[PDB]
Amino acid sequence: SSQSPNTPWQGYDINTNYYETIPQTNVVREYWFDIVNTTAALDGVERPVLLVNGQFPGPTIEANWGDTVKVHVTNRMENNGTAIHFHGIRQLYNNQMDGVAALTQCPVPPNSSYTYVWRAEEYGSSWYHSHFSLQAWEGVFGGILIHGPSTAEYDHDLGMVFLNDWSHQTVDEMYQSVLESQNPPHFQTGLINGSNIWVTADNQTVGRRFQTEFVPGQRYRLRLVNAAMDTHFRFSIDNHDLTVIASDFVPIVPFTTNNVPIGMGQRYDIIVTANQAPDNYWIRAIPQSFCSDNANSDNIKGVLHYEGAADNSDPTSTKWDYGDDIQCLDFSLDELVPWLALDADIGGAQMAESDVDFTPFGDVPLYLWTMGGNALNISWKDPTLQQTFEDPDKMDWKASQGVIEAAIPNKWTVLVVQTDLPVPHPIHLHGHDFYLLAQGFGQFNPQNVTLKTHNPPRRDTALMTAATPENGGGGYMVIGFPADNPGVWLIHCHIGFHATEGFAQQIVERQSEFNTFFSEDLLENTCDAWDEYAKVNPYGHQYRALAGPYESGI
């Protein structure tokens, strides 16, 4: 009880192994989420959105390390199912609460509910979002903020800072055109924590920029989350240094930088000290042009307003000269050093490789992303956990199910995700923080690659980097994780369009121990409701063909 005195995690600290030890708080944080169909004018232009409780971003789930969180999700829409995923939450022996349509549950139909219950067995910053088709990017997402230890001190916690791309047509409206094109999706603008201005065709300014206020001398924590559909950002604040203290849910040895490159699904916790002359400073979220197509890359900005700065007055500050805003990169392996030091014990690991390609299918054609040789093609109404309940020793996986088996308790898997294309992708794994062993450009060399096993970066989302066409294209990333968590775990590109097109596989982990978590009633109650919806509403039927809005299932 000498550690972290007068905190909810008294008896534990920054050195506690949070994979093995959790504070007991006895506390349950209970949330009620209505998923609603509405409109909003987040940058001053009205359009349809799907929201949690009428808010964008959705309300923050806030808890202390070791709490239990209970989220009652009710579907108040007409024409979508829903499922809510808690990104980066380990869900240890709790796979059926992971919120993945077609894996861990059927979708929740309109007028039905699902109660997610999970343990805060990590601390730091993340987010929840729909894991049903493109719905997260219609606005169904919000923060997860779990208080706990930190690797540097500060005075004020500003909470979540979401980074989003945005357009005035919806992602669902765009989807058919995306499917039928070899060009990446184009977005018109972006939002910082759900706000921006917009310049109209007649040069009027509508909307309002994100703004935050600093007291000179004070230190502020910002919890950055990239929730964009198809944009890799560099975040910066003119004239201010940023001290990075965590990557995803893993506290790291702090380091200071002038910008944070942040991929879709990733989080970084930063501390900013108000040590500049009192003034207004631009906060910038800049799409990286190699892998983002945005009409307004230089106008996704907010305002840092010091007390002492002019009111009603935009910044005139200059961007940090950190180089170009072209490549889509992570912090390097040597920059991200987990504070809790753990080695990747990959002796005796199972080795796998999943290639990434983009291929035409059918007569239109539709251009689909494939991972490990197949575009994922699975079933909302027949989720993987139903298949294994019906047949506990099932071995007859279809190619289109994209299965990677990890049957042996605690045995490591080393997975190489590779591509020949000049296109990078943020790779996210459910149910695990993976160990990031390598990340590179060009061809993967099985002889020459060095794997970092000595306290490598550890997180839940990392880029498969790729070279530009002039440098030959292609790239790879290599991850390691032990089979410490029975369940069916999605591994996929965190670009929504890509995952829905097929860029996803499923890790079937310790299949013989699904009894540790599985509830037939929790599965079938929702599946039965979903079937009743599908009878009366065409949106209840999954489009799985090649002349319409193909849905991979996730």
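Residue numbers here begin at 1 and follow the sequence given.
Stretches 510 to 518 and 49 to 57 differ in mean CA B factor, with 510 to 518 having the higher one. Mean C-alpha B-factor is higher over 439 to 447 than over the other stretch, the pair under comparison being 439 to 447 and 414 to 422.
Each of 374, 195, 91, 189 has a CA temperature factor in the record; the biggest one is found at 374. By the numbers in the PDB entry, the CA B factor is greatest at 527 among 490, 527, 493, 69. The deposited CA B-factor of residue 430 belongs to the lowest third of values across its chain. Sort the chain's modelled residues by C-alpha temperature factor and residue 136 lands in the lowest third, per the entry. Sort the modelled residues of the chain by CA B factor and residue 354 lands in the middle third.
Residue-level temperature factors show residue 397 in the highest third of its chain, judged at the C-alpha atom. Among the modelled residues of its chain, residue 384 has a C-alpha B-factor that falls in the middle third, as given in the PDB entry.
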